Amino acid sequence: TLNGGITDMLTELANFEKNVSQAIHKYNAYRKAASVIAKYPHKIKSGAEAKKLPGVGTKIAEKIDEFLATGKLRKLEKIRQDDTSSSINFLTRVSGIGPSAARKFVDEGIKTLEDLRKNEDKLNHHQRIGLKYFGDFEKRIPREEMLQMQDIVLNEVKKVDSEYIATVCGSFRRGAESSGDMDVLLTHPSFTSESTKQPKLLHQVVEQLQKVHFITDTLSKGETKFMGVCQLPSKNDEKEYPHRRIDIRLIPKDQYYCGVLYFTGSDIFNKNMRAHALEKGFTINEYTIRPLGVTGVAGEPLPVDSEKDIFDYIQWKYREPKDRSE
């Protein structure tokens, strides 16, 4: 809210660049400026003042002056009138339609939800499901429901095997009062970086959640990652709960801390933290943190005993999950 007009404008420009221009680095640079501006605890009074922040440059600062003097941005006002742009942006809101497929559909005359519904034969499976649940998936999930979903998944996981650990991550672990979707990190002692002693580890969890009707559809599913759809049970004479997006990630149990750091996010925080690690001569993924030698070649995995360890290597003070938001 504090600089909400500025950060909205930048986010809309970041969406344009991603969805229409297909310029991912301009997308990320707009999101970086938005983010830095959103954490800045003063009402921004001029572009030159925003320019002082990291990630705000000449061009964003010029935009901020226009937005502050007039309350709008001519560049955006054009984009909002351009039918093609608006159509491509709209279509990418369906889960599974990205910038490329949206452009392709729009060239073929497919411009509306109505158009999508009467051409589902042209959609892959993921897209079919994102169309079927189009409105449900743009709804947020109150924490109260996240808590009941957590209770279902943890209990069903335990029925399959008491040694599974399932932790709910993303915005939920960051303490948010609502979440866009559910993210579940899964470990079992039989799957470590050194061996897989049991097959089907994730499949069995998925099967059990389909059996009790919690999971209702599958978008994609391999050996370590499941992306699908789930729904809380509703009681007599009640409206059904919306269908929700669910992601489950099986991580080797000895790499839990790298895994949970990745899966807690936010996405921007991970980009920032991983970019900072490179500046310090490390690389971080969801499995490990490793030094970067002269070559640019990644060395051997550093011992990691906690989340804070990872922060220590790159000389950052610990941030608790709830301070990793925005």
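Residues carry their position along the shown sequence, with the first being 1. Basically, rigid core = biggest C-alpha set you can superpose within 1.5 Å across the two forms.
Comparing against the shown form in 8 other deposited structures of this protein, which stretch has the larger RMS C-alpha deviation after a rigid core superposition, 118-126 or 68-76? Relative to the shown form, the greater RMS C-alpha distance in 8 other deposited structures of this protein belongs to 68-76.
State which stretch is farther from the displayed form on average in 8 other deposited structures of this protein, 314-322 or 8-16, counting RMS CA distance after fitting on the rigid core. When 314-322 and 8-16 are compared in 8 other deposited structures of this protein, the bigger C-alpha shift is seen for 314-322.
How about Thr84: is it missing from at least a third of the other entries compared? Result for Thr84: never missing in the compared entries.
Compare the other PDB entries of this protein and indicate whether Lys239 is left unmodelled in at least a third of them. In none of the comparable entries (those modelling both sides of it) is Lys239 left without coordinates.
140-148 set against 71-79, stretch whose average Cα temperature factor tops the other in the entry: Higher mean C-alpha B-factor: 71-79.
Of 4-12 and 315-323, which one has the bigger average CA B-factor? The entry gives the higher C-alpha B-factor average to 315-323.
Largest Cα B-factor, entry values, listed residues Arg249, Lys159, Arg174, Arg244: Answer, based on the entry's C-alpha B-factors: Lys159.
Top Cα B factor in the deposited entry, candidates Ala101, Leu113, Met227, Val168: Largest recorded C-alpha B-factor: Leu113.
Chain-wide C-alpha B factor ranking for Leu185, given as lowest, middle or highest third: It falls in the bottom third of the chain.
Is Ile268 in the lowest, middle or highest third of its chain when residues are ranked by C-alpha B-factor? Answer is lowest: the recorded C-alpha B-factor places it there.
Taking the C-alpha B-factors as the PDB entry records them, is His125 in the lowest, middle or highest third of its chain? For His125, the deposited C-alpha B-factor lands in the middle third.
Ordered by C-alpha B-factor within the chain, which third holds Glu223? Give me lowest, middle or highest, please. Ranked within chain, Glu223 CA B lands in the middle tercile.
Relative to the other modelled residues in the chain, which third contains the C-alpha temperature factor of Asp217: lowest, middle or highest? It belongs to the lowest third of the chain when residues are ordered by C-alpha B-factor.
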